[PDB]
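For reference, the structure discussed in these notes is given below.
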Amino acid sequence: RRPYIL
Amino acid sequence: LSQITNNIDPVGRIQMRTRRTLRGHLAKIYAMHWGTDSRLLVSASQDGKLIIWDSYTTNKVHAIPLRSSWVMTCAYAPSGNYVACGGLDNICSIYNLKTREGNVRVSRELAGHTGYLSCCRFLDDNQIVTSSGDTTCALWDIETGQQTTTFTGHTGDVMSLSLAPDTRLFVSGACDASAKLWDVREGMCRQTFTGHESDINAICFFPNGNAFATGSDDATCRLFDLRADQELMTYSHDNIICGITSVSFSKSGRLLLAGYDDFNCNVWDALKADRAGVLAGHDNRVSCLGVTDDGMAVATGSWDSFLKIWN
Amino acid sequence: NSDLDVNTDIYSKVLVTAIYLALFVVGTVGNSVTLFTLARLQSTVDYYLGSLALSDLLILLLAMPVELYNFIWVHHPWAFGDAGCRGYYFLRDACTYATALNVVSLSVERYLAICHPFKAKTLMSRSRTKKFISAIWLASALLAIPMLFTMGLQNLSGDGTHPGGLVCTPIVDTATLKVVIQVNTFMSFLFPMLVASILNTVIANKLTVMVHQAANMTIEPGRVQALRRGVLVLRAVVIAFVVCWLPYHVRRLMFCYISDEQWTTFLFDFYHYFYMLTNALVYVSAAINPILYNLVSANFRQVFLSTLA
Amino acid sequence: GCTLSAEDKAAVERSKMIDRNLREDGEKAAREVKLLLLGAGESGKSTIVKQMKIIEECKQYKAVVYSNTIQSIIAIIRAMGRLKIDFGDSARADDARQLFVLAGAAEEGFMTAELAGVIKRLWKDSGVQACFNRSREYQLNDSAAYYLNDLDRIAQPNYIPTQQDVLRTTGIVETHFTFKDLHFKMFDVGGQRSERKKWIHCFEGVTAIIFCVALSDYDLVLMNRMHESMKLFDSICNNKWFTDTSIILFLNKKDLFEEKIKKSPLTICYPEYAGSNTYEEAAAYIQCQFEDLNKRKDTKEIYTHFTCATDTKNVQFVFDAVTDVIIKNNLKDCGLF
Amino acid sequence: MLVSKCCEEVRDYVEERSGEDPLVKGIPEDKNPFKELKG
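Protein chains in written order, with the UniProt record's numbering: chain A, 157 to 162; chain B, 30 to 340; chain C, 52 to 91, 98 to 272, 292 to 385; chain D, 2 to 56, 64 to 177, 182 to 234, 240 to 354; chain E, 31 to 69.
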């Protein structure tokens, strides 16, 4: 559930 | 003049493109002179340098550094050997070009004036006329260094001067609203043409050397004729109130030029006085503009360190 | 099947993208007119102005439409490709580094031009200044090559094979990611922040002790009043820089500093909405650097309505 | 790039060479600080400029010195034939001939031992000296004696011209005084007399006019001279070329003004002044009389100073004023204001 | 000296020379030495 978009 | 010759046709609008843009200077380009081979033009700026440009290929052939940064004129020799530059330091320095050593050096630092040197031309390779700030036109020999004939007669300051092409006689435009037709040999005035409200900031001679146009500060170019001693044509119009700063005829005498303080050169038909062209490349005062002697190009230097060559 | 798709509803999404589109159009038109105007003497500040304007035009026109095209509407199945994503984040990091270094060197040129002006007459020259413009562009490229060294593609489906589950993410491990984005935030925010703030406070201090103490008449307090408008155009640039490029870098480092143990579903949603907010603020800065240079000085106002109309 | 027979490139590279040196001097064209001067009266402008001046180029003039020296001696020798003056020693006739042979075969001014010997012997000859002393009868360089008397030094193989040599080879008197590591210029313009309207836009872009005014000229009458300085300050402070450039204002000879205001009142100068006949109120009134002439107060700013022919805090004050006209000028272009 | 006669002289002189003038007529860009010279 960690975001991938930087 | 124009009231008589209006039967002929006008040449229409003349579109002149910025064919070259001789960048390189660092201050106001105050005066320029074409060479006689139509290729090398010398121009002097008030940062110290006078640069001899290759106009055909946009190349700085020479860059002469002055002892005094204040320069107000230049002239290229007909034989291409010398280049004159005078100014506020009152010394119209003659520099050499065709040197054996090959580095430009001061051939002579001629003096003899107590006013600033406004405008100088070369009679031959050994005689120079200079117009000055102490109100006296002057004709100098470079070798001995002495004034051959110092033409007194102007009451106010005299700001420019131009030769007839036959190098026998010249015309000096002064701040007394009058251009005086001098002579080399007799050393005295022949005619004194008036008809201006204000001063004369620059002057030039029409190819035949039977006419010349004065560039005033009331935006009124005035073509004069020598023998009649009267004003012949009043090149003037409304919406131009700024000061004329150089005049230049063409090789055929049809197309007079002017460079205004209105930031744009104005190309005048000499027979119908219409503003037949506008050369608005600059953004500051058009100090100097010249037409080469074969009549091919037009070059123009202005106070933004730009020398635009318009065909 | 399409997991890792966040449920961001369309009303706030269309509000954010309307803010984005208005920001984009006014920013690209402002940077266009100021770049053409500076493309139209001690002119060693116009190059910094045009370089910051070109950096803002570049970050807007390169990130922002692609940003709305594949970051707010089109989520994790993207369409720009491997070289597209790597070069896109290369241009983004390069434009951020270029805008930060432009703020640095513009403030340095202002400090030398006021508080030590003879050293600016001696040191600063148009040739050197063009050399420094090329130097900060090359420094932006050389500091953005690790963004080429850290980005990549990664499939995160149920087996890592689906073409509807690959994302374009930093593919390096957590520690080296920390290091590169920590030195990113450290240099490209904090050293601009302290440098621009310190030199702008010193310039405003020197101007206020030049007009208050006056070492003569202040000229009926007119020209020095517009010099305090110049104090406004100093302080507005520095506060706009810190208040726009602060939360973006905080969001980068909160992406680094959390390793899924502090994330929840609501904090995932809050992170994505905060990402829209911080990139809104980045496009705010990209719009209001030329707007701050234009509107507050009435001469720019007149000459740019003459450029427009 | 077609290289165009390998000479045009050279010409193009020539231009690049030119550009290099040109751009470098352009850098120093920003580095030096300009300062016009203008005083209506004498104003102690000599006193000001001697107060400021107290706190390879020559080599370029070598062949000019030689040229001038050759010209001088030839002028004398030739005049001898015209005025019918014989040589003191008939043997100098051979030397006279040799002078013309050597000058005649050369390209430009030069000096050799042989030529130096010929000129030395001619110059010491009593006939040559008698002609020299009749120079008013022909045309002869002012510096003839200066160079000819120093011939031995000038003829040495490693000769380098001195400043005086260069000066020996009446308008702008440039002053390259340096102050506080920083290099200036200063133009003592008021020596030359012409139409001030025509050449003043050549001085556009100076960073500070120094308008030195005498204080004790309040009562000399041709029209009062202080009103002529007021009109000059009007036509310099309200000119379209110096709109963005400030004006330093030196009021000089204050002790002479002290004794002359102790003897004669100021009401002879101004009918509309009825204040106290003290020093400081008169000084502040005449300073506010000058500073009132600023029609363009927003852009320029007249700075003020008082001194007598003492007080060497004058010079640094200019630096102060130059700082207070550089700084403000940068505030009108550096993005602020 | 009969100003009409001399301005008529100026007119016939410039009408004699206005044909081969390299500025009011124009250029064909190959006989022109001032081509733009892309290089």
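Note that the Cβ used here is the ideal one computed from N, Cα and C, for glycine as well.
Start and end of the beta strand (DSSP E) containing residue i?
i: C/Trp-321; result: Per DSSP, C/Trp-321 belongs to no beta strand (DSSP E); it is in the alpha helix (DSSP H), 299–321.
i: B/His-62; result: 58–63
i: B/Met-188; result: 187–192
i: C/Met-208; result: 208–212
i: residue 17 of chain B; result: Outside the displayed span of chain B (30 to 340) sits residue 17 of chain B, for which this structure offers no information.
i: D/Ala-220; result: 220–222
i: B/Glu-138; result: 135–138
Would you kindly work out how many angstroms separate the C-alpha atoms of residue i and residue j, rounded to a whole number?
i: D/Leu-123; j: D/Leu-107; result: 7 Å
i: B/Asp-153; j: B/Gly-174; result: 15 Å
i: C/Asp-54; j: C/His-132; result: 11 Å
i: B/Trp-297; j: B/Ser-331; result: 19 Å
i: D/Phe-259; j: D/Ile-212; result: 9 Å
i: D/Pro-288; j: B/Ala-302; result: 56 Å
i: D/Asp-133; j: D/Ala-111; result: 20 Å
i: D/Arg-161; j: D/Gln-137; result: 20 Å
i: D/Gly-42; j: D/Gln-306; result: 18 Å
i: E/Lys-35; j: B/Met-262; result: 14 Å
i: B/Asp-333; j: D/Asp-337; result: 31 Å
i: D/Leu-194; j: D/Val-342; result: 15 Å
i: D/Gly-292; j: D/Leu-232; result: 22 Å
i: B/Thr-177; j: B/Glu-215; result: 11 Å
i: B/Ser-72; j: E/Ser-48; result: 29 Å
i: B/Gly-141; j: D/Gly-183; result: 11 Å
i: D/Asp-103; j: D/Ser-151; result: 22 Å
i: B/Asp-76; j: B/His-311; result: 19 Å
i: C/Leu-125; j: C/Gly-306; result: 36 Å
Classify residue i: buried if its beta carbon has 16 or more other beta carbons within 10 angstroms, exposed otherwise.
i: D/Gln-172; result: exposed
i: D/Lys-330; result: exposed
i: C/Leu-381; result: exposed
i: B/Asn-293; result: buried
i: E/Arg-41; result: buried
i: B/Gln-32; result: exposed
i: B/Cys-114; result: buried
i: D/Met-240; result: exposed
Determine the DSSP secondary structure at residue i, reduced to helix, strand or coil.
i: B/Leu-261; result: strand
i: D/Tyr-146; result: coil
i: residue 2 of chain B; result: In the structure as shown, chain B begins at 30 and stops at 340. Residue 2 of chain B is therefore absent and cannot be evaluated.
i: D/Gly-202; result: helix
i: D/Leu-156; result: helix
i: B/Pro-94; result: strand
i: C/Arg-183; result: helix
i: C/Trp-194; result: helix
i: D/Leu-91; result: helix
Can you give me the Cβ contacts of residue i inside the same chain, cut-off strictly under 6 Å, excluding the 5 residues immediately before and after it?
i: C/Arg-149; result: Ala-120
i: B/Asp-228; result: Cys-204 and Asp-246
i: C/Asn-82; result: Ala-110, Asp-113, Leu-114 and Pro-366
Excluding five sequence neighbours on each side, which residues of the same chain lie with their C-beta closer than 7 Å to the C-beta of residue i?
i: B/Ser-277; result: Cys-233, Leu-286, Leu-318, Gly-319 and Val-320
i: D/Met-243; result: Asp-229, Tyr-230 and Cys-286
i: C/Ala-136; result: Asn-127
i: D/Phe-323; result: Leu-268, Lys-271 and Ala-300
i: C/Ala-151; result: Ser-197, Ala-198 and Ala-201
If you follow the alpha helix (DSSP H) that residue i is in, where does it begin and where does it stop?
i: D/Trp-131; result: 121–132
i: D/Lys-35; result: Where D/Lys-35 is concerned, there is no enclosing alpha helix (DSSP H), given that its DSSP letter is neither H nor E.
i: C/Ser-361; result: 341–370
i: C/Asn-241; result: 231–242
i: C/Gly-78; result: 61–89
i: B/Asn-237; result: Element bounds for B/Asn-237: n/a, residue is neither H nor E.
i: D/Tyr-69; result: That residue, D/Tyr-69, is in no alpha helix (DSSP H); it is neither H nor E in DSSP.
i: E/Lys-68; result: That residue, E/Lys-68, is in no alpha helix (DSSP H); it is neither H nor E in DSSP.
Among residues of its own chain, excluding the 5 on either side of residue i, which ones have a beta-carbon nearer than 8 Å to its beta-carbon?
i: C/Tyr-349; result: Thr-59 and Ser-63
Comparing the C-beta of residue i with each C-beta of chain G, is any distance below 8 Å?
i: C/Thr-226; result: Protein chains in the displayed structure are A, B, C, D and E, and chain G is not among them.
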